[PDB]
Structures are given as structure tokens and as C-alpha cells.
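> Here it is, the structure in full.
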Amino acid sequence: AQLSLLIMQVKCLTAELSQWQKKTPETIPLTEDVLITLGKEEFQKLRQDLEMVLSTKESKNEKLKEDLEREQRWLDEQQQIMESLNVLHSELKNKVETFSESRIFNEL
Amino acid sequence: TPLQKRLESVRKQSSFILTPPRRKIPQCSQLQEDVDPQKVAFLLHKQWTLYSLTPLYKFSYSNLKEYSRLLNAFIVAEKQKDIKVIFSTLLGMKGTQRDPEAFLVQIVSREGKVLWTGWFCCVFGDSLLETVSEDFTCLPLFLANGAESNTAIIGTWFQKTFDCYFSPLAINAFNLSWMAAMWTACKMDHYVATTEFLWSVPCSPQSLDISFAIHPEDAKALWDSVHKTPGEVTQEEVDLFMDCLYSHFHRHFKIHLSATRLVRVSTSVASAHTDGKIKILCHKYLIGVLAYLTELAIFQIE
Amino acid sequence: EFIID
Amino acid sequence: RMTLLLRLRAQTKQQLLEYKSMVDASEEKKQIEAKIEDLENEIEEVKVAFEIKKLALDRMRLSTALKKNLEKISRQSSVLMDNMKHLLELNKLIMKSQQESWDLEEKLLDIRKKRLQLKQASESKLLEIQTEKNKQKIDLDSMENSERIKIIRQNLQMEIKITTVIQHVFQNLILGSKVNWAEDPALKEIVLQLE
Amino acid sequence: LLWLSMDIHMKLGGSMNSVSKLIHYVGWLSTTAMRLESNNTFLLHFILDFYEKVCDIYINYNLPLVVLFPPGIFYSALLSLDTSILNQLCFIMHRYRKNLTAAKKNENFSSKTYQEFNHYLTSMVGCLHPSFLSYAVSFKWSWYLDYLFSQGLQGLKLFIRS
Amino acid sequence: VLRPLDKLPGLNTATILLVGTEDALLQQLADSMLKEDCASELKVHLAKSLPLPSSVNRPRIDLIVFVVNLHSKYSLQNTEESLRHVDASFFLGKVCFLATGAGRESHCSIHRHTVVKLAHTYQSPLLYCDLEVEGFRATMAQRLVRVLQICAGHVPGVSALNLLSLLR
């Protein structure tokens with residue numbers, strides 16, 4: 001059925017593209033109402049989403065401030081282990097690398 | 001190379017490219033190199049609780065005695081919360097020459113009353129071998145026969161000292177039917193046990209089970225009816241063997257075994273369960289039975 | 001069984 | 001009853017489209033690797049076809065809803081205006097929660113970029129330190145020659161084990177007897193024995 | 001994008017096409033999501049939150065991947081009914097202006113992106129509206145703009161300043 | 001053989017048809033499909049084999065969800081025995097493949113590749129879930145309704161044909 005269904009999909013999608021190109025926006029019937037019942041329903045639906053999208057952009061701002069404090073703490077700890085790691089690399093460079101086997105046995 | 005290769009392996013496995021595998025019939029395995037006949041014969045007719053064990057980090061088959069001491073001092077420590085632990089490499093329970101050598105862990109109690117005899121093996125497991133680094137000795141399989149209390153404590157010790165983890169291996173009815181089909185497809189002689197398939201209908205109030213315990217020769221002549229391509233077993237052939245079971249059970253009892261699930265497949269080669277208490281290893285085909293079991297433990301690992 | 005045992 | 005009627009009209013404007021697409025498909029009477037490529041071509045040219053369709057439907061609907069709502073200013077008290085005042089209050093609470101989000105997120109992005117720079121830099125530095133430890137490992141191999149390091153190492157192990165015995169028979173002999181342990185300058189430096 | 005900015009810092013084209021494809025796929029997710037949900041404004045807010053981080057790719061992450069809206073998202077945000085998503089779209093357009101101007105400096109992102117962006121620009125700047133109608137009812141073109149700007153219209157002010 | 005457009009639609013009726021051998025899980029899934037008060041009159045139809053005995057006045061089936069119990073090979077072999085009674089115009093948008101029992105992964109007599117191969121060789125969405133638990137039904141049943149409003153044409157932007165182009 002894979003090929004016989006790909007062919008059917010192509011045949012039906014060509015018809016759908018021919019039908020959507022046929023579809024002129026049919027606003028000429030519109031609605032004999034004064035459309036206040038639709039405009040003020042969409043406005044009411046906004047009030048039922050803007051009340052809820054403010055409730056999620058306040059949560060985003062809260063988790064943004066908390067994550068900002070957490071990332072500042074993590075960046076401080078990263079800078080600390082940055083300077084510490086760099087100074088450790090600089091110190092251990094030509095501090096323990098200048099170890100001879102003969103000098104090592106002399107320390108023993 | 002060392003990690004991204006496992007990433008690609010996981011990606012390919014989850015991609016689910018066609019996986020009816022033309023698995024070869026289990027081949028009569030001559031006992032390779034040095035397999036201790038007493039030890040190997042001791043591991044055969046003993047019911048192993050299957051586990052999938054992640055690779056043992058910083059593991060070495062040289063430091064056996066000190067690991068044995070650390071685990072023995074921990075086993076008796078959990079009794080504080082009479083016992084000897086002998087780590088024993090097996091030397092021959094591996095599929096390829098590059099596989100990690102299988103080693104045993106036996107809780108020996110005065111005499112050699114082996115209480116637990118846990119067992120780790122990696123046979124034909126070169127799909128996880130080429131994905132771990134050199135520090136990991138990957139043993140996907142873990143085979144514990146003793147009580148679950150000792151198993152779930154030596155598992156904790158292994159987690160603590162090797163960062164290896166034990167997911168309890170569960171052979172689904174798909175793999176159970178597969179191994180049922182190939183173990184009647186072997187060239188074995190003097191069938192030890194009847195080829196029994198323990199089904200379990202999915203009733204909500206009741207828990208009825210069915211034991212389709214074929215005569216092992218009748219299940220071979222029935223397999224030869226559904227066997228057409230030689231050497232390899234197909235998912236079509238496996239499903240045809242299972243469907244010949246289904247249509248010969250529904251022919252009599254008018255209940256659809258295909259509407260049920262396998263829970264155990266007893267065979268003259270090897271008995272196998274679903275819940276984990278799986279591997280009875282009657283015949284010495286075990287380098288292939290364990291090959292399937294490791295390649296199934298690798299799947300749970302990766 | 002076909003009610004054979 | 002009119003909103004439900006509009007739901008009916010929107011449902012049957014689309015079920016009719018399904019019927020007509022099937023009718024045209026049945027009116028109409030190979031390269032499977034490309035049979036999905038000329039199929040994905042449809043849902044990219046269908047997508048343009050009924051995307052501009054929706055952007056024209058929305059345009060011609062919002063134009064009417066603007067003209068239709070343009071008659072509410074000339075209308076009387078229209079408590080929906082009191083509702084829209086609450087909508088205005090709601091808007092500022094969001095776009096002033098977006099003004100902060102245009103600065104908090106910018107600072108977070110800067111901090112994350114700094115942290116990733118100092119993470120890759122730290123991995124480079126720690127890998128250099130670890131390969132320097134590996135360079136110390138061949139210095140350890142300079143000890144594994146074992147011509148005279150091994151003998152003195154074994155002497156250290158076999159003589160500290162005598163120095164960790166006599167030491168621990170001073171923690172047990174400056175203890176049990178009539179010791180007067182720390183009230184004596186001599187034993188004071190010999191008590192408090194260094195490990 | 002964080003791990004791709006460092007791939008510029010640590011010395012492309014095949015990874016470039018991956019973030020571009022992710023944006024195009026999400027823009028395919030988010031243009032049919034408003035079809036299933038009938039251009040739900042709560043969903044459009046998160047959609048433009050995604051593209052809030054797509055406009056600011058060149059300026060922020062140094063990647064030359066200024067990728068525009070699908071038409072079904074930009075036009076349904078321009079023809080939306082609440083000012084809180086309209087000015088978000090306007091801010092995203094202003095950030096697209098800034099990033100395209102920046103990409104013209106250091107240098108497909110040059111021909112087709114600029115064509116579609118001018119398409120979006122002429123559509124919006126000519127249209128720049130019921131949400132603004134409601135704001136005006138709440139209330140000399142400069143006075144109206146100042147009233148809008150003081151009422152949190154930050155993205156609109158930023159894009160008008162262009 | 002069932003056809004997608006032999007019957008005219010209702011008015012707000014979106015009538016799914018669940019096809020699965022086990023009917024306890026089908027009944028539970030249908031109960032969860034109507035637990036939420038949606039905006040469409042959902043007339044859920046249950047079945048065991050798509051042959052579906054020929055009873056007139058049956059509504060225009062806007063969706064068939066082949067609930068394939070991965071625990072039982074019967075629920076698969078009957079599904080392929082019910083897929084040979086479907087239109088090639090039915091598999092475009094109005095066919096889903098529920099795979100219940102999956103995720104438990106220890107009772108699966110069917111490998112989850114076999115069901116994905118089945119649902120990919122018929123070019124139809126394959127929606128995984130676990131019908132024995134309510135917590136995974138009520139979140140998956142609301143997925144079969146939002147699919148159902150797509151195929152029935154209740155969302156006035158997305159056809160059944162448009163659906164599999166989104167779920168491919």
C-alpha cells in the first residue's frame with residue numbers, strides 16, 4: 001500500500017492545490033449581523049488569553065530573574081575556576097615539570 | 001570516535017530501520033579453548049535471573065582476589081545491617097577473540113555450597129565493545145542464580161565500586177518467540193526436554209496460563225514445515241512457527257494464543273522466561289543462547 | 001489436545 | 001444560535017473542500033524516491049496557496065471588524081468599552097513584562113556566552129593540565145627504570161613501617177605508664193609525633 | 001546558537017543549514033499551529049517568542065542566519081487583535097532591520113531574505129488597525145503616537161524610530 | 001469495504017471509529033474520548049474487525065484508529081486482516097495507528113518496529129500510548145479528538161489530507 005498510497009496522496013494533493021487556488025475569500029456573504037457579536041467576542045477571548053498570557057509572561061519573567069541570579073552565580077563560580085585553573089596551569093608549568101629522575105631519587 | 005559512535009548507534013537503533021533479522025540458526029558450538037568442563041557443566045542446568053549490566057569501569061581481570069575480598073567483607077557487612085566470595089574468570093565464554101572474558105562471582109558458604117554464583121559475560125557483544133573506551137570492560141550480561149536479596153546487594157557493591165548498573169533484563173514475548181523458534185531449529189540430538197511455551201492470557205480478574213509443551217521432535221518437524229531459507233531464520237519464519245502454534249491451539253480450544261503473551265519458552269536447547277528468571281541452559285548451545293542474551297542486554301544498555 | 005488427555 | 005451557525009458554515013466550507021478534492025482526484029486517472037518529492041512540493045505550494053488564503057481572510061475579516069467596531073465610538077456606553085479598558089490595563093502589564101524580558105534575556109544571553117567561553121576555555125586549560133600530568137607520567141616512567149629508585153623506595157617502605165611501630169608504641173607508652181606526658185619539654189617534641 | 005557562536009570563535013555551511021532548517025521547521029510548526037487553534041493569540045505570543053530569538057541571531061550569536069517569518073505568522077500577527085502581540089511583532093521587525101543592516105556589513109541571506117523582508121516591511125509600514133483602534137478609543141498624529149508610546153508601546157516605538 | 005466520503009457528515013458530528021481486538025481498552029479509550037466537553041458531537045464507534053457488519057445509517061466515519069495492542073499478536077494480525085477492508089482514500093488523513101501496551105516493553109509480543117513499519121507502509125499517523133492507564137488515556141484521547149476535528153473538517157484550516165503531511 002505504500003506506493004499506491006503515495007500515488008493517491010499526490011492525486012489528492014493536486015486536487016487540493018487546485019481547490020485552494022479556486023477558493024476566493026468568500027467575505028461577500030459575510031454576516032448580516034452588525035458583527036459586534038463577533039468583534040466583542042474576539043475581544044472577550046483576548047481578555048481570556050491576555051489574562052492568561054500575562055500570567056505566563058509573568059512566570060517567564062520570574063523564571064528569567066531566578067535563572068539570571070543562578071546564571072550570575074554560575075558565571076562567578078566559572079570565573080573563579082577560570083582564574084584558579086589558569087594560575088594552576090601557569091604554576092605547574094615549570095614547577096613539577098622541572099623534575100629529574102636523578103633529582104627525584106635525591107629527594108628520596 | 002569514543003562517545004559519538006555510541007550516539008550514532010543509539011540514533012540508528014531508535015530510528016528503527018527494518019529489523020527482521022535473518023539470524024543464523026544456533027550452531028553446535030565446540031567447547032572453545034579452556035572452558036572448565038566442571039564449571040561450564042555447573043552453569044548449564046541452573047536457572048539464571050537475567051540482568052543487563054552496564055560496562056564495569058576500571059575493571060581488570062588481574063585484581064580478582066582484592067575484589068573478592070572487598071565484596072566478601074561487604075556481603076557479611078550487609079548481614080550486620082561463613083561466606084566466601086570467589087571471583088572466577090571462565091576463559092572461554094566469549095564470541096569474538098576481542099570480547100571481555102566472562103568472570104563469575106560465587107557466594108560460597110564450610111563446604112562448597114555455592115549460594116549465589118553470579119555470572120557476568122560478554123559473548124558476541126562487539127556492538128558495545130567498539131563503543132566503550134579502553135577503561136570499560138563491557139559485560140552486558142549478568143546472570144545471578146541465588147536469592148534476589150544477595151543479587152540486589154552484590155549489584156549495589158558493583159554499582160559502588162565499578163559505576164556499573166544492573167537493569168533487570170526482561171525478554172519480551174517477541175524475543176521469547178524468536179528464541180523459541182531458533183532453539184527448535186538447531187541440529188541437536190537426544191532432546192533433553194519437551195518444547196514448552198508458557199503463555200499467559202491477559203485477563204483482568206484472573207491470571208490463566210497455558211503450557212503449549214510440544215514434543216521436541218514434533219516441534220522440529222513443525223518447524224521444518226515453516227523453514228524454507230536454510231542457515232538463517234526469518235521473522236516471517238519465526239512468525240509462521242508461532243502461527244502454526246496459534247492455529248493448532250485455536251483449532252482445538254478456540255482461544256487465540258496470539259491474543260496472549262509468551263512468559264516462558266522451555267526448549268531442549270535452553271529454557272527462557274520473561275520476568276528475568278530466564279536462562280536455563282540445558283544444552284551446550286550456550287555460546288549462541290548467551291549471544292542472543294548479550295545482544296538483548298546491549299539493546300537495554302544502548 | 002483435541003481432548004486427547 | 002448564530003455563532004453555532006457560523007461554526008456550521010466554517011465546518012461545511014471545509015467538508016465541501018474535502019468532497020471537491022476527492023471528486024477531482026477521482027476525475028484524474030513511479031520514482032518513489034521522487035514520488036514524495038513531488039508530494040512535498042504540493043504541501044509547499046498548497047501551503048503558499050492556503051496561507052495567502054488565510055492572510056486574505058484575516059485581512060478582510062479584520063477590516064470589517066475595524067469598520068464594525070468603528071461604529072462603537074459613535075455608540076453609547078457599551079460596557080464592552082469598560083472591558084476594553086481592562087484590556088488596555090492587561091496590555092501594558094504584558095509589554096512592560098516584555099520590556100524587562102528584552103533586558104533580562106539579553107543579560108542572560110551575555111552571561112551564557114561568557115560562561116560558554118569560560119567553559120571551553122576551562123576545558124582547554126584542564127586538558128592542558130591533564131596532559132601535563134601525563135607528561136609527569138613519563139617522569140614516573142623515569143622512576144620505573146628501577147636501578148636505584150626501587151631499592152631506596154623499598155627501604156623507605158620497610159623502615160617507615162618500623163618508624164610507624166615505634167611511634168605507635170610511644171602513643172601507647174607515653175600513655176599507659178606514670179607518663180606525665182606533656183608536663184615535660186623533652187617528651188613534648190616527641191609526643192605530638194608527626195605522621 | 002550558543003554552541004554555534006563558539007564554532008565561529010573556535011574557527012560552517014553544513015551546521016548553518018541545520019539551525020536554518022530548525023527555524024524553518026518551527027516556522028512550519030507555528031504556522032499550522034495557528035491553523036489548528038484558529039490563530040490563538042496566546043499561542044501566537046509564544047510563536048513570536050521563538051522568533052524573538054530568531055531576529056536577534058546575527059547581532060547576538062554572530063551567526064549569519066537572519067531568518068524571516070513565514071507569511072502566515074507575520075501577517076496573522078500584524079492582523080491580530082491585541083496590542084501585546086502586535087508590538088512584539090513590530091519589535092521583531094525592528095530587530096530584523098538591525099540584524100539585516102549588520103549582516104550587510106560583514107556579510108541566501110542576502111537576496112531572498114531581503115526580498116521577503118521588504119515584502120513584510122511594505123505590508124506593515126503601509127498598514128501602520130482594531131487593536132490600535134481600541135487604544136485610540138481609550139484616548140494630532142504625533143500626540144496619538146506619544147500616547148501609544150507612553151502606554152508601553154516599546155516595540156512599535158523602536159520600529160517607528162527606523 | 002469502508003469509504004471516507006460515502007456518507008454525508010453530520011452538523012457538528014465528528015464520529016471516530018476505534019478498531020481493536022480487545023474491547024475493554026477500546027471502551028476505556030472511548031470513555032476518555034468523551035470525558036472532556038469538546039465543541040464537537042463525538043459519536044465514537046468501537047469495533048473488532050473493520051469488515052464491520054453492513055448496517056445502514058452508519059455515520060460518515062471521519063477517523064479510524066487501529067488500536068494495535070503490542071502485547072498480543074492477534075491485535076496485529078487482525079489489524080492487517082482489517083486493513084484489507086479500507087479505502088486508499090481512507091488512509092490519507094482519516095487513519096491512525098494506536099499502539100497500546102507499548103512502553104511496558106516486556107509484554108510486547110510485537111516489536112515496536114513492526115507496528116511502525118505497518119503504519120509507515122500505509123502512510124498514516126502512528127500515535128503511541130498505553131490504554132491500560134487512565135493517565136495516558138485522557139492525554140491521548142484528547143489527541144484522538146484534535147485529530148478527529150482535523151479529519152472531520154471542524155478546524156476550518158486543516159484537511160484530513162493536510163494531517164498526514166503534518167504527521168509524517
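> So if I check each of E:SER162, E:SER80, E:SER131, which one is within 12 Å of chain D (Cβ to nearest Cβ), outside any helix (DSSP H, G or I) and either surrounded by 14 or more Cβ atoms within 10 Å (Cβ to Cβ) or within 16 Å of the chain's Cα centre (by Cα) (or both)?
Exactly one of E:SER162, E:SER80, E:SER131 is within 12 Å of chain D (Cβ to nearest Cβ), outside any helix (DSSP H, G or I) and either surrounded by 14 or more Cβ atoms within 10 Å (Cβ to Cβ) or within 16 Å of the chain's Cα centre (by Cα) (or both), namely E:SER80.
> While we're here: May I ask you to list the residues in the range A:77-92 that are of a type outside the set (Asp, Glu) and more than 7 Å from every other protein chain (Cβ to nearest Cβ)?
A:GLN80, A:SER84, A:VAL87, A:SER90
> All but one of (1) within 8 Å of chain D (Cβ to nearest Cβ); (2) among the aliphatic types (A, V, I, L, M); (3) assigned to a helix (DSSP H, G or I) hold for A:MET52, so report the exception by its number.
(1)
> Look at the range F:108-145 and say how many of its residues are under 29 Å from F:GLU36 (Cβ atoms) and either in contact with a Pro (Cβ under 8 Å, 6 or more places away or on another chain) or of a type in the set (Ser, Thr, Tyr) (or both).
So the answer is 5.
> Anything in the range D:1-13 that is within 43 Å of the chain's Cα centre (by Cα) and either within 10 Å of chain A (Cβ to nearest Cβ) or of a type outside the set (S, T, N, Q) (or both)? List them, or say none.
D:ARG7, D:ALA10
> Here's something else I'd like to know. Restricting to the range A:6-30, name every residue that is within 26 Å of D:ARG1 (Cα to Cα) and at the interface with chain D (Cβ under 7 Å from one of its Cβ atoms).
Selection gives A:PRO25, A:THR27, A:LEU30.
> Looking at this structure, is D:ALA186 in contact with a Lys or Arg (Cβ under 8 Å, 6 or more places away or on another chain) and more than 24 Å from A:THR98 (Cα to Cα)?
Spelling it out, it is not the case that D:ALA186 is in contact with a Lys or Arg (Cβ under 8 Å, 6 or more places away or on another chain) and more than 24 Å from A:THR98 (Cα to Cα).
> Related question: Please verify whether B:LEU262 is part of a helix (DSSP H, G or I) and within 22 Å of B:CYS186 (Cβ to Cβ), treating the condition exactly as stated.
no
> So which residues in the range F:35-57 are in a strand (DSSP E or B) and of a type outside the set (A, V, I, L, M)?
F:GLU41, F:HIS45
> Could you check how many residues of the range E:28-48 are under 13 Å from the mean Cα position of the chain (by Cα) and surrounded by fewer than 21 Cβ atoms within 10 Å (Cβ to Cβ)?
Looking only at that region, the number is 1.
> Would you mention how many residues in the range B:1-58 are of a type in the set (S, T, N, Q), surrounded by 11 or more Cβ atoms within 10 Å (Cβ to Cβ) and assigned to a loop (DSSP other than H, G, I, E, B)?
The total comes to 6.
> Can you name the residue in the range E:134-157 that is polar (S, T, N, Q) and within 12 Å of chain D (Cβ to nearest Cβ) and is also nearest to D:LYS72 (Cα to Cα) among such residues?
Across the range E:134-157, the extreme among qualifying residues is E:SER134.
> Here is a further query. Test each condition in (1) outside any loop (DSSP other than H, G, I, E, B); (2) in contact with a strand residue (DSSP E or B) (Cβ under 9 Å, 6 or more places away or on another chain) for B:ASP99 and report the one that comes out false.
(1)
> Take the range D:93-113 and flag every residue that is within 8 Å of chain E (Cβ to nearest Cβ) and of a type in the set (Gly, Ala, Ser).
Scanning the range D:93-113 gives no hits.
> Examine the range E:30-43 for a residue that is of a type in the set (A, V, I, L, M, F, W, C), part of a loop (DSSP other than H, G, I, E, B) and within 27 Å of D:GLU44 (Cα to Cα), and state whether such a residue exists.
No - not one qualifying residue is present in the range E:30-43.
> Can you find, within the range B:161-197, the residue that is farthest from B:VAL238 (Cα to Cα) among those that are within 14 Å of chain F (Cβ to nearest Cβ) and out of contact with any helix residue (DSSP H, G or I) (no Cβ under 7 Å at 6 or more places or on another chain)?
Going through the qualifying residues, I end up with B:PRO168.
> Now for a separate question. For the range F:76-91, what are the residues that are surrounded by fewer than 17 Cβ atoms within 10 Å (Cβ to Cβ) and of a type in the set (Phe, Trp, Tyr)?
Those that are surrounded by fewer than 17 Cβ atoms within 10 Å (Cβ to Cβ) and of a type in the set (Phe, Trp, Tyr): none in the range F:76-91.
> Does the range D:71-95 hold any residues that are in contact with a helix residue (DSSP H, G or I) (Cβ under 8 Å, 6 or more places away or on another chain) and surrounded by 14 or more Cβ atoms within 10 Å (Cβ to Cβ), and which are they?
Scanning the range D:71-95 gives D:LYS72, D:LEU80, D:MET81, D:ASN83, D:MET84, D:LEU87, D:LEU88, D:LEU90, D:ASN91, D:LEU93, D:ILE94, D:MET95.
> Quick one: what pairs do we get from the range E:35-50, first residue within 14 Å of chain F (Cβ to nearest Cβ), second among the charged types (D, E, K, R), C-beta under 6 Å, 6+ apart or different chains?
E:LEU43/E:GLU37
> I would also like to ask the following. Suppose the filter is more than 8 Å from every other protein chain (Cβ to nearest Cβ), surrounded by fewer than 18 Cβ atoms within 10 Å (Cβ to Cβ) and under 23 Å from B:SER200 (Cα atoms); does F:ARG143 pass it?
Spelling it out, it is not the case that F:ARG143 is more than 8 Å from every other protein chain (Cβ to nearest Cβ), surrounded by fewer than 18 Cβ atoms within 10 Å (Cβ to Cβ) and under 23 Å from B:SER200 (Cα atoms).
> Do any residues in the range B:246-259 that are facing another protein chain (nearest Cβ under 9 Å) and under 17 Å from F:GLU22 (Cβ atoms) have Cβ atoms under 9 Å from those of residues that are surrounded by fewer than 19 Cβ atoms within 10 Å (Cβ to Cβ) and acidic (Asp, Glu), where the two are at least six apart or on different chains, and which pairs are they?
Partner pairs satisfying both residue conditions: B:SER258/B:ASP243.
> What's the number of the condition A:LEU54 fails, among (1) of a type in the set (A, V, I, L, M); (2) more than 25 Å from D:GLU71 (Cβ to Cβ); (3) over 33 Å from the mean Cα position of the chain (by Cα)?
(3)
> If you scan the range D:144-159, which residues turn out to be over 53 Å from the mean Cα position of the chain (by Cα) and farther than 13 Å from A:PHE105 by Cα?
Scanning the range D:144-159 gives D:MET158, D:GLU159.
> Scan the range F:105-129 residue by residue and report those that are of a type outside the set (A, V, I, L, M, F, W, C) and more than 9 Å from chain B (Cβ to nearest Cβ).
Scanning the range F:105-129 gives F:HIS120, F:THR121, F:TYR122, F:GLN123, F:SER124, F:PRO125, F:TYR128.
> Follow-up. Please enumerate the residues belonging to the range D:26-42 that are more than 7 Å from chain A (Cβ to nearest Cβ) and either among the polar types (S, T, N, Q) or buried (at least 16 other Cβ atoms within 10 Å of the Cβ) (or both).
D:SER26, D:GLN31, D:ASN41
Read-outs: derived from the displayed coordinates by stated rules, not from any lab. Note: ideal-geometry Cβ built from the backbone for every residue, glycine included; neighbour counts use all protein chains shown.
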